[PDB]
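>>> Begin with these chain(s), straight out of the complex:
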Amino acid sequence: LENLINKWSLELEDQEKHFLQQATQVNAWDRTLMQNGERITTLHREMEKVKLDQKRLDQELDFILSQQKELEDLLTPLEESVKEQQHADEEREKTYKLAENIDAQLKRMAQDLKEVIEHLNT
């Protein structure tokens, strides 16, 4: 009747230290869960911000396309009309062709340096 009380009172001297262990680790785990939600929330808002910046780039890129399309539509008729067309006229042609070539060279050099850097930042 009474010796039993010595069992349950020794179980409680076996379940108390469990409780404290558990409560300690709960206070630890729930700290993790709070860090998570905080870091999740921060992540999410940057994720939306970057979405925005991306869409801005998409818009600028559409704009550029429109600009370039405008530029070609403006340029082909000039090219055609100018197509249906002397010491000075021959010398002047050398002078301005020299410019055409130089521009052709410097653009190649540009294009080549870019492709090198493309192979670089890989």
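Perfect, thanks for sending it. Numbers count the residues shown, from 1 in each chain, chains lettered A, B, ... in the order given.
>>> Can you name the next helix or strand after the longest helix seen in chain A?
If you go by DSSP state H, chain A has its longest helix at helix A:5-83. Downstream of helix A:5-83, the next assigned helix or strand under DSSP states H and E is helix A:87-120.
>>> circling back: helices or strands next to the longest helix of chain A in the packing?
If contacts are counted by 3 or more CB pairs under 8 Å, 6 or more residues apart in numbering; DSSP states H and E, helix A:5-83 sits against no helix or strand. All C-beta atoms are positioned from the backbone trio N, CA, C, and that covers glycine.
>>> what's in contact with stretch A:94-111?
Taking contacts as CB atoms under 8 Å, 6 or more residues apart in numbering, no residue outside stretch A:94-111 touches it.
>>> Can you give me the buried ones in that stretch?
Of all the residues in stretch A:94-111, not one is buried under the rule 16 or more other CB atoms under 10 Å.
>>> How far off centre is it?
Offset of stretch A:94-111 from its chain centre (CA atoms, centre = their mean, to the nearest Å): 35 Å.
>>> coming back round to it: can you give me how far the longest helix of chain A is from the chain middle?
How far helix A:5-83 lies from its chain's middle: 13 Å, per CA atoms, centre = their mean.
>>> what's the answer for stretch A:102-122, then?
The chain centre lies 23 Å from the centre of stretch A:102-122; the measure is CA atoms, centre = their mean.
>>> Now that stretch - C-alpha only, PDB.
Only the C-alpha atoms of stretch A:102-122 are listed here, as PDB (Å, rounded to 0.1, in the frame of the first residue of the first chain):
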ATOM      1  CA  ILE A 102      39.500  51.600 -89.400                       C
ATOM      2  CA  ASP A 103      35.900  51.300 -88.000                       C
ATOM      3  CA  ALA A 104      35.800  47.800 -89.300                       C
ATOM      4  CA  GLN A 105      39.000  46.900 -87.600                       C
ATOM      5  CA  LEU A 106      38.300  48.500 -84.200                       C
ATOM      6  CA  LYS A 107      34.900  46.800 -84.100                       C
ATOM      7  CA  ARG A 108      36.600  43.400 -84.800                       C
ATOM      8  CA  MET A 109      39.100  44.100 -82.000                       C
ATOM      9  CA  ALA A 110      36.200  45.000 -79.700                       C
ATOM     10  CA  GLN A 111      34.300  41.900 -80.700                       C
ATOM     11  CA  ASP A 112      37.400  39.700 -80.100                       C
ATOM     12  CA  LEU A 113      38.200  41.200 -76.600                       C
ATOM     13  CA  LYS A 114      34.600  40.600 -75.600                       C
ATOM     14  CA  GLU A 115      34.600  37.000 -76.700                       C
ATOM     15  CA  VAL A 116      37.900  36.500 -74.800                       C
ATOM     16  CA  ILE A 117      36.300  37.800 -71.600                       C
ATOM     17  CA  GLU A 118      33.400  35.500 -72.300                       C
ATOM     18  CA  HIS A 119      35.800  32.600 -72.300                       C
ATOM     19  CA  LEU A 120      37.300  34.100 -69.100                       C
ATOM     20  CA  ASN A 121      34.400  34.600 -66.700                       C
ATOM     21  CA  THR A 122      33.300  31.000 -67.100                       C
END
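>>> following sequence is chain B, place it on the structure:
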Amino acid sequence: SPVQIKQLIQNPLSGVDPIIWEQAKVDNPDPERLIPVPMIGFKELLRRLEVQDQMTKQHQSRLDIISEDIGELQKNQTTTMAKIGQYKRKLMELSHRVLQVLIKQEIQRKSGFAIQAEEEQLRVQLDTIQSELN
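So that you can see how it sits with the rest, here is chain B on the chains above:
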């Protein structure tokens, strides 16, 4: 809340020792966004455990969505880099095509004119540039 915190994290609550309760206040990891709340019994201990699982369940679900929006971003990024490569190329093309038209116009509209001074100053500036790269 403002003062009201101070007005209810004291004295202790539901039979908590005034000494252990005071130890939680100082051992508080983020008193800016949290208060000590007594949890008595293995039941509140499990209740808290199950809340953790529910929220971690929600946490993981966001990360899967967000993960989704990264792949989209990454692919959006690669497309963007590609269009940049084209449009630089087109621009380089168009730019040179314009220089060709302006040139044809110059020769034409100056037909039968003396070579002219400022025109011979280009020649030099152009010849020195061709030489500077050879």
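>>> The buried residues of stretch A:94-111 again please, this time with chain B.
By neighbour count on 16 or more other CB atoms under 10 Å in any protein chain shown, the buried set for stretch A:94-111 is A:95-96, A:98-99, A:102-103.
>>> any idea which of the residues you listed is the one closest to residue A:84?
Residue A:84 has its nearest neighbour among the buried residues of stretch A:94-111 in residue A:96, at 19.2 Å by CB to CB.
>>> ok so, going back, the buried residues of stretch A:94-111: which ones sit near chain B?
Restricting these to those touching chain B (CB under 8 Å from any CB of the partner chain) yields A:95-96, A:98-99, A:102-103.
>>> what's the most distant pair in those?
With CB to CB as the measure, no two of those lie farther apart than A:95 and A:103, at 13.5 Å.
>>> Show me which positions of stretch B:96-109 end up buried.
Using 16+ other CB under 10 Å as the test for burial, stretch B:96-109 gives B:99-100, B:103-104, B:107.
>>> List, out of those residues, those positioned next to chain A.
Applying CB under 8 Å from any CB, the subset of these adjacent to chain A comprises B:99-100, B:103-104, B:107.
>>> re earlier: turn the buried residues of stretch B:96-109 into a markdown table, columns for distance to residue B:115 and secondary structure.
Formatted as a markdown table, these follow (distance: CB to CB, whole Å; DSSP: H, G, I helix; E, B strand; the rest coil):
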| residue | distance to residue B:115 | secondary structure |
| --- | --- | --- |
| B:99 | 21 | helix |
| B:100 | 21 | helix |
| B:103 | 16 | helix |
| B:104 | 18 | helix |
| B:107 | 12 | helix |
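>>> right, and the helix or strand after whichever helix or strand residue B:88 is part of?
Residue B:88 belongs to helix B:41-109 when assigned by DSSP H and E. Heading C-terminal from helix B:41-109, the first helix or strand you meet, by DSSP H and E, is helix B:117-132.
>>> following sequence is chain C, add it:
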Amino acid sequence: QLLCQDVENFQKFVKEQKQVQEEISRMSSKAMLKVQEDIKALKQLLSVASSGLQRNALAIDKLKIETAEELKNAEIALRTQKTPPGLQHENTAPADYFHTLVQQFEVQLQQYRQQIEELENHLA
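Putting chain C together with the chains above:
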């Protein structure tokens, strides 16, 4: 022992507290720790992405400006054609174009030389 069945009021409870203690003993943190890892991982992907986003956002503004400068230059050509022979001597814009063009050339190979050295130093 008359109403002392309050030992049954101390038997059923001990188990309740024992069978929950076992439930606590069963739970782990592994999932909560994936969440922790996954966050650090996605931060890393987002960061490289947003870095490259700024890199070629610069590429895009430079491109937009230049396309716009070149659109102006084509409008010069259109102005030249429109102008009749009697007013061509007042068409000074083509001259400004070419004068601007050669100083742009001079500025270009200076950059390209500079870019070359940087690229050599980047290799050593």
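>>> again for the buried residues of stretch A:94-111, since chain C is there now?
For stretch A:94-111, burial by neighbour count (16+ other CB under 10 Å) applies to A:95-96, A:98-99, A:102-103, A:105-106, A:109-110.
>>> Give me the distance between the residue nearest to residue B:70 when sequence neighbours are not counted and residue C:122.
In space, and not counting its chain neighbours, residue B:70 is closest to residue C:45: 5.2 Å by CB to CB, 6 or more residues apart in numbering or on different chains. Residue C:45 sits 26 Å away from residue C:122, taking CB to CB, to the nearest Å as the criterion.
>>> In terms of neighbours, single out the busier of these two.
Neighbour count, other CB atoms under 10 Å in any protein chain shown: between residue C:45 and residue C:122, residue C:45 has more, with 15 against 9.
>>> Which element, helix or strand, includes the residue nearest to residue B:70?
Assessed by DSSP H and E, residue C:45 sits inside helix C:30-82.
>>> What helices and strands are in contact with that helix?
helix A:5-83, helix B:41-109, helix C:93-121 (3 or more CB pairs under 8 Å, 6 or more residues apart in numbering or on different chains; DSSP states H and E).
>>> any residue of the shortest one up close to chain A?
Yes. Figure legend: helix C:93-121 in contact with chain A (CB under 8 Å from any CB); contacting residues C:98, C:101-102, C:105, C:108-109, C:112, C:115-116, C:119.
>>> what's the angle from that helix to helix B:117-132?
Relative orientation of helix C:93-121 versus helix B:117-132 (axes from the mean of the first three to the mean of the last three CA atoms, to 10 degrees): 10 degrees.
>>> Could I get the buried residue list for helix C:93-121?
Quick answer for helix C:93-121 (16+ other CB under 10 Å): C:93-94, C:97-98, C:101-102, C:105, C:108-109, C:115.
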